[PDB]
Amino acid sequence: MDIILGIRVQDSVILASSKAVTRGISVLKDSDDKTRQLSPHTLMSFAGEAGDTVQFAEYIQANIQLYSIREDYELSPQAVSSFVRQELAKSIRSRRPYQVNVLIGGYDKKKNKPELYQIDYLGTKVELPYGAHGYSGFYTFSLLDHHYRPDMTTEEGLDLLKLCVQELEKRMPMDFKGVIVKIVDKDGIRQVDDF
Amino acid sequence: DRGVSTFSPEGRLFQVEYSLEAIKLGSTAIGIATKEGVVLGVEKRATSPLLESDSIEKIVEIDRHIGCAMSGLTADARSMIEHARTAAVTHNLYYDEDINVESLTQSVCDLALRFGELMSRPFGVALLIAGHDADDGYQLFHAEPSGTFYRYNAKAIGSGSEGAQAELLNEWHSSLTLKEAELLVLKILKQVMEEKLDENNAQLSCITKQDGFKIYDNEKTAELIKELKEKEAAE
Amino acid sequence: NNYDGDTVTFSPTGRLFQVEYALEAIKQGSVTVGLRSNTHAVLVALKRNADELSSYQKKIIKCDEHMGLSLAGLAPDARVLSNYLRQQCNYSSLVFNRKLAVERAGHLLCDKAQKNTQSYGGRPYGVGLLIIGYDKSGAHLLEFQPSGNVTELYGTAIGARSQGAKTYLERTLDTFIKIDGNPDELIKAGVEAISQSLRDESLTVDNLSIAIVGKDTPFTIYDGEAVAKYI
Amino acid sequence: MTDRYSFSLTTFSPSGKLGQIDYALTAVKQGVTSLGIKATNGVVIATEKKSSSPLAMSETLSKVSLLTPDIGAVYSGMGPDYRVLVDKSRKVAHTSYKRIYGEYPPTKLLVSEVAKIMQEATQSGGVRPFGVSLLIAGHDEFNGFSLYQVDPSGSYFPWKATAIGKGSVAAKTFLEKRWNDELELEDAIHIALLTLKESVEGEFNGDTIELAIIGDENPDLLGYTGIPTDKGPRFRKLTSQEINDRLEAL
Amino acid sequence: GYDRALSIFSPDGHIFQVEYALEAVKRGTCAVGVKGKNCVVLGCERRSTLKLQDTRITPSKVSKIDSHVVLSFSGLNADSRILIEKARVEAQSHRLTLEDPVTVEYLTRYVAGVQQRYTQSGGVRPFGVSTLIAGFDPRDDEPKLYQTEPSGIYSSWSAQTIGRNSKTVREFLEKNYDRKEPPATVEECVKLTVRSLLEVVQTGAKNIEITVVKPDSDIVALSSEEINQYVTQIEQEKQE
Amino acid sequence: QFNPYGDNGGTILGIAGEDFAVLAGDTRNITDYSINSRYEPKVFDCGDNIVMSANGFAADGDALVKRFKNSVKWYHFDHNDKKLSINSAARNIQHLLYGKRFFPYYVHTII
Amino acid sequence: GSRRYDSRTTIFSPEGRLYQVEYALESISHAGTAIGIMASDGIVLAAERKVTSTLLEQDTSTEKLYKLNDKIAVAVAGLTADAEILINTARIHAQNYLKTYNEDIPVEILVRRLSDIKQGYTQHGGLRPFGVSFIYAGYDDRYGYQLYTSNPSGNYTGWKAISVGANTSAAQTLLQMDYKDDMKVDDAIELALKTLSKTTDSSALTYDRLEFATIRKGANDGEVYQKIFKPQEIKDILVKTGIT
Amino acid sequence: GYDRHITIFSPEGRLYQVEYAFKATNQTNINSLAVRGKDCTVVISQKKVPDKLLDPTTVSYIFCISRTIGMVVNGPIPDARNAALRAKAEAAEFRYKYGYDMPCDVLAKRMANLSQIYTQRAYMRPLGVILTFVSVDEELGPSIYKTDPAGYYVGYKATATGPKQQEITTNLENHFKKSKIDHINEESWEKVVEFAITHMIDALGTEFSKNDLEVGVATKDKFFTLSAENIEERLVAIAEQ
Amino acid sequence: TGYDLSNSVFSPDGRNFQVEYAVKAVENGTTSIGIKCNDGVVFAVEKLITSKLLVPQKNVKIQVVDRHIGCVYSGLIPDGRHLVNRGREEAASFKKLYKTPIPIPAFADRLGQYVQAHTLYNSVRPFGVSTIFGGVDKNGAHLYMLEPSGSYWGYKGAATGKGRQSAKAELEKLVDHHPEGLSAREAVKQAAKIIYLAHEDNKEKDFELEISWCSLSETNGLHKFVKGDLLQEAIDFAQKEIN
Ligand SMILES: [Cl-]
Ligand SMILES: [Mg+2]
């Protein structure tokens with residue numbers, strides 16, 4: 001875990017998530033996908049304590065999938081984000097809290113608008129044009145403050161994302177073995193294979 | 001009404017005796033024990049021709065060395081089998097060995113009387129538990145909802161039980177081969193069954209030390225049925 | 001009649017019919033005999049089979065190295081009670097490094113059976129037991145009934161036609177009590193006692209079941225070819 | 001041991017009747033008459049003090065009970081069932097309201113809580129319904145004065161004026177003739193005493209009649225001074241002397 | 001807690017509460033399942049004593065348990081929701097631990113186990129519901145159709161019907177369904193299903209529901225006009 | 001603060017032959033620099049030709065042996081006087097020990 | 001023991017019916033009639049109060065019509081006390097959903113859960129079922145305007161127009177006759193009152209014996225308004241349609 | 001007719017088990033009486049010891065609940081003792097929780113509320129007893145409060161309980177008509193006990209020896225029972241007047 | 001009717017028929033007695049010798065509670081044991097909290113409340129025993145008799161079982177003839193006689209006598225069984241009186 005980014009543009013939400021899984025002085029894997037599809041138009045990336053991350057991601061995934069089957073309907077990104085926030089808000093006062101930070105990128109089909117939510121392990125939710133968790137934000141936020149425009153295309157958003165990854169690869173201490181990039185729009189979720 | 005765990009004036013538990021009547025309504029199941037193995041056979045009894053008969057699962061594996069056949073309210077047997085399987089595997093985990101067939105049966109029979117006012121009623125199903133262990137060799141047990149189990153050389157349960165048991169009385173001897181026992185189950189099943197016996201409405205199985213518990217294919221049983229008919233016509 | 005629906009109800013004459021119906025299950029059970037001298041205590045049990053293809057229902061259960069019983073009635077209830085005895089015998093050993101007295105064994109069974117006769121929902125035990133044992137005060141023989149009543153005896157018998165063996169032992173009392181330091185002769189007396197309860201059937205090799213405990217003899221059960229000596 | 005009665009003792013009969021509720025209402029019918037009348041500037045509740053024995057001190061037995069400083073209750077039916085309901089009603093006013101909002105509940109909501117308790121005795125395991133009908137009079141800032149009736153079923157209805165118990169049928173007819181929407185509190189007390197005389201048979205005075213009002217705030221009954229917003233209880237029980245004064249000009 | 005043993009044996013060896021639950025199933029609207037060569041079709045009756053209904057929002061008779069398995073039923077409607085909910089939860093729980101969706105056999109075995117538990121648990125009555133569970137196992141093109149009932153027994157069927165007048169439609173299917181050659185196409189399977197319901201239903205208007213399930217989570221419900229075309233076609237061939 | 005463990009010292013040794021096996025152990029019991037007993041046995045015959053010793057903290061060692069001896073007893077009751085094989089005894093003891101994984105028996109056990 | 005006195009509320013008849021559910025429905029058939037009519041631009045709820053007394057306070061009274069949230073209301077038919085237990089549960093459930101998802105609860109979801117509660121009382125617990133039938137009238141952004149009913153069995157269904165309580169047979173026939181799909185709210189108001197006026201057991205239908213409510217999008221732009229009619233407003237609407 | 005076996009309503013709105021519990025009250029065939037003085041409250045009860053083998057000192061239906069409160073029971077002794085033990089526990093707990101001695105009338109209410117529960121809850125039967133509580137309350141003065149199986153309770157100027165209760169009741173009624181006051185206008189408790197015995201003798205029409213009576217007296221800060229000799233001394237005083 | 005089918009149900013009389021039915025079971029049982037004496041109490045019981053096969057002196061019916069209380073009962077023997085087991089728990093918790101051994105009157109109420117509790121619910125059965133018990137405490141000697149209803153009183157002499165009326169009559173004579181008091185050693189001898197006299201109502205089977213006693217002087221305030229020479233002496237005294 002470590003680097004998870006998110007950028008909301010005109011017609012889509014783009015999530016970038018590092019591929020490295022490190023334990024001790026060994027990079028155990030360099031192709032790890034730190035994300036789960038909660039519903040056809042909602043994607044959640046995650047980062048934090050080992051084990052907790054996936055266990056939480058999959059638990060949320062199961063619940064949203066259960067809801068979808070029960071009501072034969074897809075929950076809005078806003079609704080999913082609120083559900084996730086509450087689960088974390090419960091967790092923090094538990095015996096052993098989930099130490100997991102997430103980004104929820106979704107496309108609301110009723111509003112025809114992309115939405116990006118940033119939620120930390122405390123259950124602190126914020127809707128943002130761009131978001132990051134961990135040390136990443138200390139570089140990317142200022143970079144995006146400068147280069148981001150609200151009316152950008154998906155292609156422009158990917159170039160803007162490339163600029164972030166380049167900066168992180170230059171100034172971050174750890175080798176995070178690149179990122180997996182996924183786009184969330186009106187047509188659902190797809191992965192960019194060449195990044 | 002009246003209590004579930006009530007004794008009759010003759011000194012029997014009403015509910016246990018009534019569950020025995022339910023088992024008499026069930027389909028026939030036969031077991032025969034030999035020195036070469038133990039054979040288990042059942043009547044499938046499909047309620048309609050549209051029902052896919054191969055989905056009727058009345059013979060069941062508990063462990064590699066223990067098999068089980070059922071008769072009566074077969075839905076009730078699911079939790080009994082589950083318990084048997086867990087008991088067998090759990091014993092292997094705790095002791096690094098196979099569990100004795102008698103010990104397994106005893107564990108299943110402990111559930112039987114755990115009912116009252118625990119579950120609400122006794123089981124409505126009887127089990128034939130067949131297996132092998134190193135100590136007492138090939139064994140066949142009849143487990144009832146009374147909590148009682150008897151070892152048998154051969155045993156029939158279900159609707160055609162009393163007629164089949166009398167037939168097993170004459171036919172069984174201590175030097176039966178496995179092949180002889182297979183035919184004997186098929187013979188006796190064909191006698192007590194309503195519909196005509198074939199590979200689709202009857203199922204065979206066995207447990208041997210070497211190969212463990214095996215349910216026979218419909219192709220294999222069909223050849224044993226054909227072998228049986230030829231031998232009866234031959235004299 | 002109207003007062004036999006459950007164990008919590010007394011009859012107008014002060015009877016507990018469910019307890020009496022449980023007592024009736026014992027009378028249906030196969031005969032078993034108990035007797036002792038001053039050195040040894042012996043259980044002799046007639047085992048019963050479903051048919052010629054079936055095995056013979058095991059009647060005798062070991063509780064500890066120095067104690068055990070024979071049963072007559074519902075076998076699962078005997079398994080529950082014998083298990084309880086095993087635990088109580090074992091508790092006495094682990095905690096106090098003390099072999100459980102046969103008298104206390106009886107007291108514990110009495111109190112366990114009683115609780116089932118005073119509460120709604122439950123039922124009485126449907127089995128009678130004959131407990132033998134050798135403890136610090138010599139050989140013992142107990143008779144347990146599921147009413148709760150436990151009784152210490154020189155000899156007794158329970159089950160179907162148990163009156164025949166019980167009469168014999170009542171005559172033989174003076175003889176068998178002084179069979180000290182001789183196991184085989186005390187068993188012979190027990191085998192002759194149970195024979196008085198036989199009708200049409202006789203004692204065969206896989207029919208008879210004998211158990212013995214004594215001064216220098218742990219509780220051991222004899223079945224199969226080991227009892228051929230006494231036929 | 002233990003409560004084995006975990007099943008309903010009140011069930012639907014083939015005709016659709018809930019037997020125990022009907023029978024509870026029959027018990028209420030047998031009970032002594034009580035009534036309530038709503039005025040423009042107050043509410044009055046009244047009942048007869050049926051003495052079990054002349055040696056008994058009827059002052060110690062209070063049929064009209066304060067629930068909150070602005071809410072009072074009276075009943076017809078089984079007294080013991082009423083007494084415990086008053087205990088539970090007083091407590092629920094604190095636990096489910098005052099300890100949360102820092103103020104007393106409005107009449108309608110306290111009534112609602114009492115109704116809930118009585119409904120549960122109609123459905124819960126191993127219990128019979130309460131054998132009483134309550135008349136609850138009260139005041140609150142935003143609803144003003146109000147009067148409610150609560151039946152064994154747990155149903156409650158708001159009334160301008162009504163009566164329950166022994167001679168309720170005749171008493172309700174009497175109240176229909178006399179009641180108007182311009183009644184002052186003193187006029188309602190006068191009518192209450194007239195209505196009650198019809199049902200009472202023996203002695204009719206301040207010692208055999210129990211009567212309380214929900215009217216103006218009573219600073220003299222508050223017990224302390226210094227807080228301007230706290231002006232005292234609107235519930236006041238009329239004294240034996242105060243009743244007799246009005247019985248002369250009857 | 002309420003402990004009473006409601007489901008108990010009778011002198012003749014019957015559990016009346018389980019058998020009375022079957023009567024509730026017999027009262028329920030007819031439901032039929034027919035599996036073809038490459039598909040399964042679930043047909044369902046809807047009683048026409050209810051006009052002024054709102055079919056948009058009214059609970060549909062066929063329910064999706066997962067994207068690849070469906071469940072229809074006959075009997076008490078309120079009871080069916082409880083089974084469907086439990087099944088749906090177990091479906092997601094199976095995906096979570098095994099990392100693979102349920103097989104139709106497994107899902108059926110679970111639902112049947114729940115029904116059985118309610119026949120020997122204290123304080124509860126059995127489910128007055130029999131179900132038809134149909135679908136396709138993951139990465140498998142062999143059609144699956146299973147039936148469950150209040151007792152807890154379950155089994156696989158080439159074709160089967162449950163509910164009121166089911167014995168009439170079972171009679172129809174028994175002669176019209178060939179084991180050696182099942183309905184080769186979707187059209188053939190739907191037609192045979194509609195035909196079988198037309199023996200019992202009344203009118204082929206808003207009384208018949210049809211749901212077609214195909215491999216790889218391909219489930220679609222037919223509309224009124226689509227079903228009406230089968231009804232119109234069958235009646236014209238009948239007049240002969 | 002109360003310390004629930006102690007060290008009773010001693011040492012044990014087991015060797016296996018072709019048709020035999022030995023399990024030896026010194027008879028000294030100690031706490032700190034004092035001797036408690038010069039003859040306190042800690043190698044026991046547990047039945048079914050199994051000898052056992054649990055060396056380290058004697059209170060935990062005696063408890064474990066006691067439990068295993070009791071395990072042998074109940075194995076007989078529950079499985080028709082079957083002899084507990086050495087391999088089966090080993091696996092049983094694993095479970096006894098691991099049952100107290102989060103409050104261990106401070107012993108090195110040999111059978 | 002106590003077995004002797006157990007009614008066994010959650011069992012099947014030999015015919016496969018639930019005794020207590022059937023008898024609860026028999027109870028509900030004597031309760032005051034409640035009608036729900038769904039129009040294209042709103043929903044009407046109309047209900048007849050049970051034999052009113054002249055000294056009953058009418059304006060500060062609530063017997064038939066209850067508010068569950070800002071978008072959903074119910075009409076009651078049966079035991080009021082039972083209905084209030086279920087209504088508070090429903091009100092809480094709606095707030096739980098809103099707290100969890102930050103969205104108003106879809107009508108069906110609320111209905112299903114309330115119906116599931118009723119179902120439980122018929123299958124386990126040994127308690128009597130709730131002697132209540134609801135008409136749910138509500139709106140959400142998925143299905144728009146919706147009418148549902150639930151009964152003591154825990155079974156619920158959707159409707160264009162429906163009646164519960166007394167004389168449903170006669171009421172349903174009249175609704176089935178005059179109802180059509182392109183109907184407006186003001187027309188549905190008139191239909192609801194006309195149906196009650198003919199099916200009533202009373203001599204004449206008056207304002208004091210009625211509860212009335214509408215759920216329109218008659219607020220300002222793309223938002224729903226609940227209107228629980230006041231006594232004077234029922235008096236006026238009764239004159240306007242020419243019943244009095 | 002199972003509505004007569006448990007505490008549920010009959011068609012005419014009655015609880016038969018409660019009514020039958022009232023009849024259990026008189027099973028002992030003992031009459032009790034309670035009156036108030038200026039400074040005291042006196043309670044007296046008949047004492048009948050039929051068996052010669054009984055230890056007469058252990059035969060009692062009067063109980064010392066707390067230091068200040070006394071209680072006499074009309075009904076079978078098992079239920080009487082059940083009620084006594086509970087009342088003792090309640091009075092002790094009250095003092096611990098609220099820091100002052102439980103008043104007579106409050107204990108009566110508490111025991112009455114418990115009795116009420118048995119009339120509503122099915123698994124619990126009512127106690128077949130009538131509990132008469134007496135004290136000299138520090139706020140209300142001399143106090144008599146009585147409880148029954150229905151859960152009813154009320155204060156009394158004076159009271160009587162038992163088979164011949166009505167004869168005793170009217171006897172007392174006529175006295176208070178005559179005296180025109182709520183109590184026995186007497187200084188010492190000795191003479192109030194004498195009044196109680198005198199008016200019981202007149203009402204019942206029987207003469208009493210020292211062993212035929214049982215007396216309890218409540219004064220400020222203590223309730224106590226009288227011995228046989230204390231009663232004998234009291235009987236002598238009546239006879240010599 | 002049906003008022004007698006369920007425990008804790010009042011009949012129209014105000015009676016609990018189930019308790020009265022339990023009394024019948026007590027009346028069916030063997031005879032047991034209790035005699036209060038100068039500085040203690042004596043207990044005795046009839047043991048019917050059903051068969052020659054019964055081991056003499058080895059079916060003990062009298063039970064001890066704590067170290068100073070003796071209990072004996074007639075009726076359903078198991079029910080009596082259950083009551084004693086409770087008595088022992090009650091006496092143990094009293095001594096645990098209050099240090100001093102439980103007084104007899106205190107102990108009497110503990111059993112009384114427990115037995116009475118078994119008349120409050122239909123889910124339990126009343127006790128099928130009348131229990132005679134007592135001992136020596138700080139206030140001296142106490143004898144009690146407890147019945148199925150929960151009713152108990154203190155006694156000068158007590159008797160219950162099949163021969164209760166015969167024993168009661170004999171007990172009443174002792175109270176009359178010895179107003180100053182009866183000694184402990186005398187009471188043991190008298191107890192033997194009264195059991196032998198009460199055996200006339202159960203004379204088919206012959207019986208075995210069993211006696212126990214608590215006395216401040218003779219047993220030092222502790223409960224002991226009468227055995228050996230003192231037992232045979234009491235048997236001979238009884239044998240001489242019947243002839
Ligand atoms: Cl209270
Ligand atoms: Mg009661």
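In terms of determination method and resolution, the entry is listed under X-ray crystallography at 2.70 Å.

Q: Explain the pairing of strand β6 (residues 132-140) of chain D here, please?
A: Residues in a regular strand project their side chains so that they alternate between the two faces of the sheet. Residues and elements named next belong to chain D. Burial of β6 is extensive: nine of the nine residues sit out of reach of the surface. Both faces of β6 are covered, namely the face carrying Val 132, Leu 134, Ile 136, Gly 138 and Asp 140 and the face carrying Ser 133, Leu 135, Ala 137 and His 139. One ladder, built from seven bridges, connects strand β5 (residues 71-77) with β6; its direction is antiparallel. Within β6, the position partnered with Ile 71 by the bridge is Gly 138. Here seven bridges tie β6 to strand β7 (residues 144-150), and the two strands are oriented antiparallel to one another.

Q: How do you make sense of the nonpolar core when you look at a structure like this?
A: One broad rule of soluble globular proteins: the nonpolar side chains tend to lie buried together. By size, the foremost hydrophobic cluster in this structure holds 76 residues, and its most contacted members are H:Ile65, H:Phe133, I:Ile33 and I:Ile211. Per element, the largest residue contribution to this core is nine residues, and it comes from helix α5 (residues 184-198) of chain I. Excluding anything up to four places from it in sequence, I:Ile33 contacts I:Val42, I:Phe43, I:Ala44, I:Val72, I:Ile132, I:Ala158, I:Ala159, I:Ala167, I:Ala191, I:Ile194 and I:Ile195.

Q: Can you help me understand the interface of chain E and chain G in this one?
A: Counting residues at the interface gives 31 residues for chain E and 41 residues for chain G. Overall, the association of chain E and chain G removes approximately 3000 Å² of surface from exposure, summing both partners, and the carbon and sulfur fraction of that is 56%. A per-residue breakdown of the area chain E buries against chain G is headed by E:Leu52, E:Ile57 and E:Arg81, which together make up 25% of the total. Linking chain E with chain G are two salt bridges, by the criterion used here. Measuring nitrogen to oxygen at the nearest pair gives 2.8 Å for the salt bridge that ties E:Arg81 to G:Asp116. At the boundary of chain E and chain G, one finds 15 residue pairs in polar contact. In terms of residues, the side of chain E that touches chain G owes the most to one element, helix α1 (residues 16-27) of chain E, which gives six residues. Among the residues forming the side of chain E that touches chain G, the class breakdown is 16 nonpolar, six polar and nine charged.

Q: In this structure, what is going on with the sheet that holds strand β3 (residues 59-63) of chain B? I would like to understand it.
A: Strands pair in a sheet through their backbones, by hydrogen bonds, and they do so in one of two ways: parallel or antiparallel. Residue and element names in this part refer to chain B. An order of β3-β4-β5-β6-β7 is seen for the five strands of this open sheet, with the pairing classed as antiparallel. The open sheet has two free edges, formed respectively by β3 and β7 (149-152), since each of these has just one partner strand. Averaged over all neighbouring strand pairs, the angle between strand axes comes to 25°, with direction disregarded. Relative to strand β6 (residues 137-143), strand β5 (residues 125-133) runs antiparallel, the two being bridged by seven bridges. Pairing of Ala 130 across the sheet is with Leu 140, part of β6.

Q: Help me understand the arrangement of the chains in this model?
A: The chain pair with the greatest number of contacts, out of 19 pairs of chains in contact, is formed by chains E and G. Taking C-alpha atoms only, the smallest gap left between chain A and chain H, which are not in contact, amounts to 35 Å. Without any contact between them, chain B and chain I keep their closest C-alpha atoms 12 Å apart.

Q: For this particular structure, what's the right way to read the coordination of the magnesium ion (ligand 2)?
A: In a perfect tetrahedron of four donors around a metal, the angles come out at 109.5 degrees. In a perfect octahedron of six, they are 90 or 180 degrees. Residues and elements named next belong to chain H. Ligation of the magnesium ion (ligand 2) by protein atoms is provided by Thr 7 (OG1), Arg 121 (O) and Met 124 (O), these donors lying 2.3 to 2.6 Å from the ion. Taking the relative accessible area as the measure of exposure, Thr 7 reaches 3% and is therefore buried. With relative accessibility at 11%, the residue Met 124 sits in the buried group.

Q: I keep staring at helix α4 (residues 165-179) of chain H and nothing clicks. Help me out?
A: Owing to its 3.6 residues per turn, the α-helix brings residues three or four apart onto one side. The terminal C-alpha atoms of α4(H) lie 21 Å apart, and with 15 residues this matches the ideal 21 Å at 1.5 Å per residue to within 8%. Residue H:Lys180 follows α4(H) closely and has a positive phi angle near 70°.

Q: Sorry, what's going on with the packing of aromatic side chains here?
A: Both the distance between ring centres and the angle between the ring planes are used here to describe each pair of aromatic rings. A full pass over the atoms with the stated rule returns 46 aromatic pairs over all chains. Look at E:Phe16 and E:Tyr20: their rings are 5.6 Å apart centre to centre, the planes differ by 5°, and that puts the pair in the stacked class. Here E:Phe16 and its partner E:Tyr20 are both found in helix α1, four residues apart, which amounts to about one turn of the helix. For E:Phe16, a relative accessible area of 33% gives the class partly exposed. Plain terms: the ring middles of I:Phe94 and I:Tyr98 are 4.8 Å apart, the flat faces sit at 65° to each other, and that makes the pair edge-to-face. Linking I:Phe94 with I:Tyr98, this pair stays in helix α2 (residues 77-98), spanning four residues, or about one helical turn. Residue I:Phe94 is classed as buried on the basis of its relative accessible area of 12%. Among the aromatic side chains, those forming a connected cluster through ring pairs are A:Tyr67, A:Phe83, G:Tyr97 and G:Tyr101. The aromatic ring of F:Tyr105 is capped on one face by F:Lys100, whose charged end is 5.4 Å from the ring centroid.

Q: What is the right way to read the sheet that holds strand β3 (residues 60-64) of chain C from this model?
A: Residues and elements named next belong to chain C. The sheet built from five strands is open, its strands ordered β3-β4-β5-β6-β7 with antiparallel pairing. In this open sheet, the two strands that pair with only one neighbour each are β3 and β7 (150-152). The average angle at which neighbouring strand axes cross in this sheet is 20°, direction not considered. Most of the contacts of helix α2 (residues 75-96) go to β3, to which it runs at about 20°, and overall it touches β3, β4 (67-73), β5 (127-135) and β6 (138-144).

Q: Explanation requested: the pattern of salt bridges in the structure shown.
A: Opposite charge on two side chains permits pairing when their charged atoms draw close. Applying the stated criterion to the full structure yields 88 salt bridges over all chains. Between E:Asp66 and E:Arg95 there is a salt bridge; the shortest N-O distance is 2.9 Å. Of this pair, E:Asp66 sits in the loop between β3 (63-64) and β4 (69-75) while E:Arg95 sits in helix α2 (residues 77-98); the two residues are 29 residues apart in sequence, bridging distant segments of the chain. Here I:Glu170 makes a salt bridge to I:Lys193, at a shortest N to O gap of 2.8 Å.

Q: Please clarify how the environment of G:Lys194 should be interpreted in this entry.
A: With respect to the secondary-structure elements, G:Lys194 resides in helix α5 (residues 185-199). For the pair G:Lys194 and G:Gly242, spaced 48 residues apart in sequence, the C-alpha to C-alpha distance is 9.7 Å.

Q: Help me out: how do you make sense of the state of the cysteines in this one?
A: Think of a disulfide as a covalent bridge from one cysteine sulfur atom to another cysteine sulfur atom. Here the structure, examined in full by the defined rule, presents zero disulfides over all chains. C:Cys63 takes part in no disulfide bond, and the closest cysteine sulfur to it belongs to C:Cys89, at a distance of 5.9 Å. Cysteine I:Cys71 shares no disulfide, and the gap to the nearest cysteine sulfur, in I:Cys214, comes to 9.5 Å.

Q: Got a minute to help me understand the packing of helix α4 (residues 161-171) of chain B against helix α5 (residues 178-192) of chain B in this structure?
A: When two helices pack together, their arrangement is given by the angle between their axes and by how far apart the axes lie. Residues and elements named next belong to chain B. Packing of α4 against α5 brings their axes to within 10 Å, and their N-to-C directions diverge by 150°. The pairing of α4 with α5 is recorded here as roughly antiparallel in orientation. Crossing of α4 over α5 shows right-handed handedness. In this structure, α4 uses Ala 164, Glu 167, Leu 168 and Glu 171 to contact α5, whose residues at the interface are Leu 184, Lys 187, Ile 188, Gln 191 and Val 192. Of the residues assigned to the contact of α4 with α5, the class counts are five nonpolar, one polar and three charged.

Rules of the game
Residues numbered from 1 in each chain as written, not as in the entry; some residues may be left out. Chains lettered and ligands numbered in written order. Part of a larger assembly, values for the part shown. Heavy atoms only, no water. Buried < 20%, exposed > 50% of the residue type's maximum accessible area, 1.4 Å probe, protein only. Helix = DSSP H or I, 4+ residues; strand = E, 2+ residues; numbered from the N terminus. Pairing = 2+ DSSP bridges. Core = buried A, V, L, I, M, F, W, Y, C linked by side-chain atoms within 4.5 Å. Contact = heavy atoms within 4.5 Å. Buried area = accessible area lost by both parts, 1.4 Å probe. Salt bridge = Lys/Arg side-chain N within 4 Å of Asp/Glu carboxyl O. Polar contact = N/O pair within 3.5 Å; in protein donor to acceptor, adjacent residues only side chain to side chain. Nonpolar A, V, L, I, M, F, W, Y, C, P; charged D, E, K, R; others polar. Axes fitted to C-alpha atoms, helices over the stretch in contact; angles between N-to-C directions. Donors = N, O, S within 2.8 Å, 3.2 Å for Na, K, Ca; no water. Expected span 1.5 Å × (residues − 1). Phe/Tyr/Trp six-rings, centres within 6.5 Å; stacked < 30°, edge-to-face > 60°. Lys NZ or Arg CZ within 6 Å of the ring centre and 35° of its normal. Disulfide = S-S within 2.5 Å. Parallel < 35°, antiparallel > 145°, perpendicular 65-115°, else oblique. Left-handed = near helix turned anticlockwise from the far one by under 90°.

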